[PDB]
Amino acid sequence: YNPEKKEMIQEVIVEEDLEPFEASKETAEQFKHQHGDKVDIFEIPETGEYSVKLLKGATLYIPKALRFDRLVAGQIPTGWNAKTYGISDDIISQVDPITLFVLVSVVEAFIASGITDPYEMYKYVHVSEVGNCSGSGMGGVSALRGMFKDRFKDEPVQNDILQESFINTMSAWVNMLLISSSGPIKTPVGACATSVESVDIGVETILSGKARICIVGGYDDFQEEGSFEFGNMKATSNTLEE
Amino acid sequence: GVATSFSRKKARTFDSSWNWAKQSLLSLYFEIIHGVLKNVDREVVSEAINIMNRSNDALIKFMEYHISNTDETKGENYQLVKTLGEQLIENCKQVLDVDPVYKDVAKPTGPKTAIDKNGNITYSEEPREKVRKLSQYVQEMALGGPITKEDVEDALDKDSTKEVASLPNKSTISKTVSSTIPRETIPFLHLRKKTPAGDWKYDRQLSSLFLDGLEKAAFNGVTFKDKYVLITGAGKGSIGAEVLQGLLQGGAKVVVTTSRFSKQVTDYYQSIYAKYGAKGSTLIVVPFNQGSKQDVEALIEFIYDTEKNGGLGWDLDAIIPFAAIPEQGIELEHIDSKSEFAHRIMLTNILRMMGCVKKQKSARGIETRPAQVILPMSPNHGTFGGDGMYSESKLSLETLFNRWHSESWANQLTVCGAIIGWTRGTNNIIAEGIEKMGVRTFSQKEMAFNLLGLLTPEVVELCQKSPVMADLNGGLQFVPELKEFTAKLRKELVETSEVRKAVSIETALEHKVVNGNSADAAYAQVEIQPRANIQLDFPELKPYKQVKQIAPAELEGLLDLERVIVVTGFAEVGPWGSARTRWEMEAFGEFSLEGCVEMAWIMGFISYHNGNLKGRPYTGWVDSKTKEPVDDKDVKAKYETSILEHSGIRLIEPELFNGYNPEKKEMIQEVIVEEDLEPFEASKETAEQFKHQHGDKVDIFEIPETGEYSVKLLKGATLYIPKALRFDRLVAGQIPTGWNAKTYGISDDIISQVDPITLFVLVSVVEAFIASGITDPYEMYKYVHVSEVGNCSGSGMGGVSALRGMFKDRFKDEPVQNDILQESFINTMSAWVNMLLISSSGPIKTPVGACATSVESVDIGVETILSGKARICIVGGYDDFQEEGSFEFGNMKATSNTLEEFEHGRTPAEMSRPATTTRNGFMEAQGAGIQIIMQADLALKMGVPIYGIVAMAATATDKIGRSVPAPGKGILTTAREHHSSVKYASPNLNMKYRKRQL
Amino acid sequence: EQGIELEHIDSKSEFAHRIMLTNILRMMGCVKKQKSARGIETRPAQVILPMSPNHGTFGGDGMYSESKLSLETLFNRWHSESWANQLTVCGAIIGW
Amino acid sequence: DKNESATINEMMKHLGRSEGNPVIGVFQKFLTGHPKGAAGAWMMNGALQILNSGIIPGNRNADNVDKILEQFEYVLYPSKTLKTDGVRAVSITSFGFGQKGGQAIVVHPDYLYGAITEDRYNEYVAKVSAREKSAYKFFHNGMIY
Amino acid sequence: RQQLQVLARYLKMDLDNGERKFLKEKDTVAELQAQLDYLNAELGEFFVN
Amino acid sequence: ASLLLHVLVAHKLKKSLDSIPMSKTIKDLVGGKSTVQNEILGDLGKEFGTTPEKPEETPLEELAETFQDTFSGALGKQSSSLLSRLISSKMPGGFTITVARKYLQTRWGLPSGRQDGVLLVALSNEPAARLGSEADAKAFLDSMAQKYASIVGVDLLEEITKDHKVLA
Ligand SMILES: NC(=O)c1ccc[n+]([C@@H]2O[C@H](COP(=O)([O-])OP(=O)(O)OC[C@H]3O[C@@H](n4cnc5c(N)ncnc54)[C@H](OP(=O)(O)O)[C@@H]3O)[C@@H](O)[C@H]2O)c1
């Protein structure tokens, strides 16, 4: 993502007129229902190699680029790998970046509580009384980028991609990889006040009697699908006029 | 018509009898305690046998608890099941571990044609008087008739409860009814025997053991356990539709085929098996036509192939190829294609059915399990009129005896000819005429009994020494010159009908010229068309004495009503419209009048109008396209076709999804080539955002000799036209095509500004308040503080139409409304609810449980309220459907592939098969659904419709978010209790003890 | 056709059935159309159906039986149907 | 469905449900489909139709419930509607990605009024009676216009 | 090869109708055979012949 | 059969062929997320159509034996698709599959059978980004050739243009 080269969709310059236009033998299979019946066929074998024969009047296939202004954001320190914390190599290749942040924060949050292995909780409390009331803003915006924007660009997207786009499925890996907790487990999404809402539902969960221990909190990520939207809302500070 | 219509992948196996047995039983309760069936109805026993036939130790316990818990004091009908049930629970305990029999109970009915003196003809099949049992039928079958001449009286139509005890007892015969055959007298159902001359003469002894086996099969019933039957030609209400009901009761494993394979044809066959099929019974419904040789060369392979090759693993024990097509009016100069086709359905393919089970009999080496064939023959050999080539079709089937002795297939096939007698159904108005000639005509269920007695273990051997003929003809070979004897009986029934049509109308017309219609119009009574009067379905409140009784007496004063949550309204926007017009196609399977007008109004078919149209004051529903008045009585006729055509799970309509055409999914590609001469320029329009791809790759000339300016470049780019390619997941449960919010009162700006999903959510919240007696939301604030009206609604993804706008649409360079990120949220969908309706006042929660959000929403919604944060809370859930979502669900292989459902011959309206052997995935729909839940005591002093009592809601999970797409134990923890010591009684479970403490 | 038993009944038989039955039916079914268009009803054409006593009594003759057996049904029609004035059936026998 | 049916069995198997008293499987999704998020609010929506109607709809698309479901002797799987004499409670269970389960049960409203004094009940009775009419009026004006 | 194509731009002389014809002429022969061999697959090559 | 199998078993697991030993089974291989197991088994099903009913426990080497026999040089649809995307997505402009195949039989002289192997082995080690010039494509193909070859064990005037230019 290079905010001075935001990529978009355009067309190019012209020639001297002599042009019908063919094809090759590779992706005929998904890609065959644009044009119509616009050929100068000859079904008599006098030719030898076969390619759909067409002319001017299409719209086609190269994205382009153009500049942008919102040009700074508070990255995590450049160079931060989960590998440093003990997160496996498979998970990082399978999981969305934002969840990759959330795990690192939950271990350290237990580290910071004298709970070094999550199962000690179960020495004192039933496995069904360890809750979770965490939530994100958009969440998984790196995956939404993969399906709502990347997949129709024709590039390899891991087919499990929808599973990460959720907000439910970011506190899932916490249970899937650390806790082994046991109920219906809530998940707020308050666009920016999610992390107080999370404490709200987290507290009412506990003195309701549903849980003795609850993870609360919040998390979100930053990419251009999000900042550019916030740009045209004129909500985040224009950087050039800064 | 010779087109292939059968696929091995297209079969449909029905076997789960162990379930339908507990369904059919429970079904009895709610006809008897609702007086739909009485103690005198023939079905209570015609059904009790179908549940006995499906007996298991599990089903015994099923009715033991149900009967032993039916409080008889509630009413007389509660006594009628308490007493009848105990018979079944003791009857079924006997016939457990015995083979299941069928024992036809229906009142045998005779034909009865009556013409109005108005000259109007009508046919009725009334219950015969001399025969009210099946034993009465088989005796009057034995006595022959006056032209065929050269009592254990029970409580059938009197008390069906006491007959139930008689079903398991084997009421043995002593005086064999084959003795009642008078000498020189031919009974009505006689078998035949070839004489060394060559013909077939009535044999008495050989027709005796057939006929008493029937009478035995009528008191005890016959079992067909371990049978394996093929039977073709079984349309609803046809010849062999009733043998199927008999084959299935006996425990037969059956193959039934159909020419018209659709969904209503199998939902027929499903109801057949769920009613009749007994323990071990199995039917397979495959598509088929007889007239396709390539299709019999493939149905039997499918029956004689292992369940590993995809086959069926069976082996046929009886074949019943009844399938025929009608042709009438076809005489000798009209015999052509349709006949030359019908000849193949009946003859040369019934020949190649037998000619091709032998190939399988003989390749396995099976030579001790021969398949009895049941050829449907007839006495009509060109004796009737122009039936087409239907004669030399069924006449050239008794040549199937000159071969069982001649040819080599004697060990694998055993012919057992039969007779189409005169069975009514499929000319029906002259049956009562012939029966006056001492001739019997058969109901289909009656001729069912006969051909079905042609499988009795007695005859099966008898077929297995010699081919048998079985003349089930009532004697219609004796009434001489039957053709015009028939053609006269009906030629008279049209005279006596039409003359009383003509004489009646003119005398009524005579009465209009001597008295005039000026006074005769007052006799034309005014007859009123019902109008659509929708309802709100508020809970009915039975008087206080009734309800103080249903709850424990100690309950009053024992609950903190501030702490009892209670649903108070609800609403919905689904594929079937509101929650009133889905509960109709849910519970009742079809729309009422009030359901068909509402589905007409929310699909924008009918509008309203008052004022003056066509000058005349019109007040009421009108067309919406043509604006031409339409009454609510002619709406079900005029629209119900399209309303159902465009509602529920459907082939995805693209204009509901702004061009999404699942056969043209758009993607990103490149094009074909030219002859080489090309540098490439630009124009003067969008130089401004779009200038940082290429690099320094020009052949510049900065000297003005040129004149117009464009960046000069060459090969080596990647550029700018998307492309398209196909997809499979091809149906989803749209909202009814045509649904506009404009219809509900939603402004035009909002729909242009808001995401579709929120546009659903508003409509559901108004209706949810409508449904709660809260017509304007501010009345809430009469009773509660503005800060105690909550909201705990949430979506799945939510706003997926906006994410499509920014994460996918915006970089396509097309106009996207710059407020677009605001709608993508899940927080900002319950916002417009507050922004447009409520004016509520706190921190307002919002769950996102990918699919269990709507229970989580109730969970946080309840804990919110009894926490004390809110007195009233909106809960609920909602989501939408577009290709960014379905395609993701596609490659997860989570929703059912549609093409491989069009190769299982599954239909759109059935591709969602929950808890089904052939389930393949699910179907994503779109819409919303919410409900207002409140405290209790607030609902009692507010005066609102209390619909429920959410007594518990609880979400549960294993541990950390680890692996999403697989479910687990989670909720089982809602039952965590400790049974370590249960020997003593727990006082807290009693109320009489908790009341004393209070 | 000979050697054709029930599992061998196929094309050659389904063809022979048409040579013998459904086209002897459409021969008679189509001299009437000409008898009746001229109006000829006093000069009827006697048909001579070659029948046989072999109705599946011999061995594997193919579909030669229900071919020539489904020709005596040509009497259930001379009385039933309308072509009685133009055609008069006169069955016969392939003896030996 | 293999799992959802499985878990219902044990929580009745464990709670000591009477042998031979199964709960009746209502599968709303055959009509409507799966509204990824709206699910439990369609099936809680229907579950309230049932408490006040006593009419248990059926899976009109249930060809053949799988044999593997027979081991769960505490659950039926109907295919035709069933006008009962009255349901007393309905359980609404739901499952989705991310191991979020969820089971809410509803009791019949009439058990509530047993907890209030009489004069208060028929007082509330008159109160609803008026609201019902008013809601009827408003629903029809809006529906028209 | 280049000077050819640009020269065909000018006469508007399609070089590929000689194949679009031939291609549509071909698949409506395969689907025409697909009928013609279904009959031999169901009537038999002794009957049709 | 082993070649294709191994190559197709690493393409769906984003790991190089070395990280996946044939001896192990897919059951262990997946890691648990059974979502990939169904996809991995489904991807091979279309590229072999033949399969035992429960392959998820059969080792890679054991499952390859059954496919090695049946399959005869038929690169299959899935494989064909996969290769097409590879060359399409990541290879410079004008450098189509035909050109690559021709270069392999010209600059290294490998037939279709050997050519396919090299192209099939290239998928395992796809470049993370589109290669720039023909040199990169030629080098990549040549670099992959060594691996493919090793994976098997098979080692290996002007004036006519001057005036042809002037008139232009
Ligand atoms: N009723 C009598 O008086 C009498 C007398 C003598 C013989 N029979 C015999 O009665 C038998 C049983 O039926 P029915 O005649 O009683 O009633 P029927 O209504 O003639 O039964 C007809 C069945 O034929 C099936 N069918 C029609 N065309 C077909 C085709 N091309 N391929 C496959 N199946 C086809 C149809 O099944 P679907 O409807 O599901 O398509 C239809 O229901 C017939 O076989 C007939 O020969 C009857």
Side-chain angles (χ1 to χ4, degrees), chain B residues 14 16 30 61-62 65 538-539 541 544 547 551 555 559 570 572 574 579 583 586-587 608 733 770 773 775 795-796 849-855 858 876-879 910 912-915 917 922-925 929 940 943 946-949 951-953 955-958 964 967 970-972 975, chain D residues 1 3 7 11 14-15 18-21 27 29-30 32-38 40-42 45 48-49 52 55 57 61 64-66 70 77-78 81 83 94-107 109-111 113-115 118 121 124-125 127-128 131-132 135 138-139 144:
Chain B
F14 294 110
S16 92
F30 303 132
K61 310 153 158 175
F62 173 62
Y65 169 80
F538 273 36
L541 286 175
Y544 180 68
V547 294
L555 186 74
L559 263 65
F570 53 78
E572 194 176 308
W583 173 247
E586 196 190 6
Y608 196 73
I770 291 288
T775 183
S795 155
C851 312
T853 158
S854 303
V855 174
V858 184
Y878 41 86
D879 204 296
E910 208 204 338
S912 65
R913 301 202 180 174
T917 304
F922 71 95
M923 290 276 320
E924 194 182 11
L940 290 155
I946 279 159
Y947 294 70
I949 294 180
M952 162 191 145
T955 177
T957 178
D958 188 22
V964 290
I971 273 299
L972 199 159
Chain D
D1 316 298
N3 171 260
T7 176
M11 49 202 298
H14 189 90
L15 278 173
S18 305
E19 267 291 337
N21 172 54
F27 301 72
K29 312 273 180 62
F30 80 90
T32 59
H34 200 27
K36 176 171 75 191
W42 286 356
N45 222 3
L48 277 170
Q49 317 266 76
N52 307 103
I55 287 183
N61 286 334
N64 207 44
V65 297
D66 190 359
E70 187 187 15
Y77 302 84
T81 318
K83 283 85 161 170
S94 65
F95 299 88
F97 283 10
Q99 327 198 1
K100 278 297 170 188
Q103 171 210 11
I105 83 164
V106 197
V107 188
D110 271 315
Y111 280 100
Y113 318 103
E118 172 179 356
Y121 174 64
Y124 156 80
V125 167
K127 201 65 73 197
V128 160
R131 320 276 308 274
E132 159 53 15
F138 263 95
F139 170 58
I144 287 179

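Atom set for the values below is all heavy atoms of this structure, side chains included, hydrogens, waters and symmetry mates excluded. So you know, we letter chains A, B, ... as the sequences are listed, proteins then strands, and number each from 1.
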Problem - Any donor-acceptor N/O pair, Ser912(B) side chain to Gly33(D) backbone, under 3.5 Å - result: no
Exercise for the section: Among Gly948(B), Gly876(B), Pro967(B), single out the residue with the greatest number of heavy-atom pairs under 4.5 Å to chain D. Expected result: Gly948(B)
Problem - Contact check, side chains of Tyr65(B) and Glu19(D), non-hydrogen atoms, under 4.5 Å - result: no
Problem - Side chain / backbone / both / neither for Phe922(B) at chain D, heavy atoms under 4.5 Å - result: side chain
Practice task
Measure across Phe30(B) and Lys83(D) and return the closest heavy-atom pair with its distance rounded to 0.1 Å.
Solution key: CB-O, 3.1 Å
Exercise for the section: Tell me, for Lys29(D) versus chain B, whether the close heavy atoms (under 4.5 Å) come from the side chain, the backbone, both or neither. Expected result: backbone
Exercise for the section: Look at the side chain of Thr917(B) and the backbone N and O of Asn64(D), then say whether any donor-acceptor pair between them is shorter than 3.5 Å. Expected result: yes
Practice task
Tell me, for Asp110(D) versus chain B, whether the close heavy atoms (under 4.5 Å) come from the side chain, the backbone, both or neither.
Solution key: both
Fill in the blank from the handout: Here the gap from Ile971(B) atom CD1 to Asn3(D) atom CG, rounded to the nearest 0.5 Å, amounts to 11.5 Å
Problem - Where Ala587(B) and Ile55(D) come nearest, the two heavy atoms and their spacing - result: CB-CG2, 3.7 Å
Practice task
Evaluate the side-chain proximity of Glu586(B) to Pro57(D): yes if any heavy-atom separation is below 4.5 Å, no if none is.
Solution key: yes
Exercise for the section: Mind checking the CD-OH spacing from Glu118(D) to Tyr544(B)? Nearest 0.5 Å is all I need. Expected result: 6.0 Å
Completion exercise
Closest non-hydrogen contact found for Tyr947(B) with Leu48(D) is O-CD2, 3.2 Å
Completion exercise
Under 4.5 Å to a heavy atom of chain B? For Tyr121(D) that would be side chain
Practice task
Identify which of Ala951(B), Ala850(B), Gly929(B) forms the greatest number of heavy-atom pairs closer than 4.5 Å to chain D.
Solution key: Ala850(B)
Exercise for the section: Might you point out which heavy atoms bring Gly40(D) and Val855(B) nearest each other, and give the distance in Å? Expected result: CA-CG2, 4.4 Å
Handout entry: Point-to-point distance, once rounded to the nearest 0.5 Å, from NE2 of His34(D) to CD of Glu924(B)
Key = 8.0 Å
Completion exercise
Per-residue tally against chain D (heavy atom, under 4.5 Å) across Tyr878(B), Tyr608(B), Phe538(B) peaks at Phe538(B)
Handout entry: Nearest non-hydrogen partners of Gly773(B) and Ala135(D), listed with the distance
Key = CA-CB, 3.9 Å
Practice task
May I ask you to name which of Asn52(D), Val125(D), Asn45(D) has the most heavy-atom pairs under 4.5 Å with chain B?
Solution key: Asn45(D)
Problem - Pairwise distance CG(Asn61(D)) to CD(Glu910(B)) - rounded to 0.5 angstrom - result: 4.5 Å
Handout entry: Most chain D-contacting option - heavy-atom pairs closer than 4.5 Å, from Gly877(B), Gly849(B), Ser854(B)
Key = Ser854(B)
Problem - When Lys127(D), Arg131(D), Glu132(D) are compared by non-hydrogen pairs under 4.5 Å with chain B, the top option - result: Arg131(D)
Fill in the blank from the handout: Rounding to 0.5 Å, atoms OH (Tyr124(D)) and CG (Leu541(B)) come to a distance of 5.5 Å
Handout entry: Which of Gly574(B), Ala852(B), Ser795(B) touches chain D most, by non-hydrogen pairs under 4.5 Å
Key = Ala852(B)
Handout entry: Atom of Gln103(D), atom of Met952(B) and distance for their closest heavy-atom approach
Key = O-CE, 3.2 Å
Handout entry: Residue part contacting chain B, namely of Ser18(D), when any heavy atom lies under 4.5 Å
Key = side chain
Problem - Neighbour count above 12 (heavy atom, 6.0 Å) for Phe139(D) CZ - result: yes
Problem - Residue, of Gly101(D), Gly96(D), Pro78(D), that accumulates the most heavy atom pairs under 4.5 Å with chain B - result: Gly101(D)
Completion exercise
One option among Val858(B), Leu940(B), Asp879(B), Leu972(B) has the most heavy-atom pairs under 4.5 Å with chain D, and it is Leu940(B)
Exercise for the section: Kindly compute the distance separating CZ (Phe95(D)) from SG (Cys851(B)), expressed to the nearest 0.5 Å. Expected result: 12.0 Å
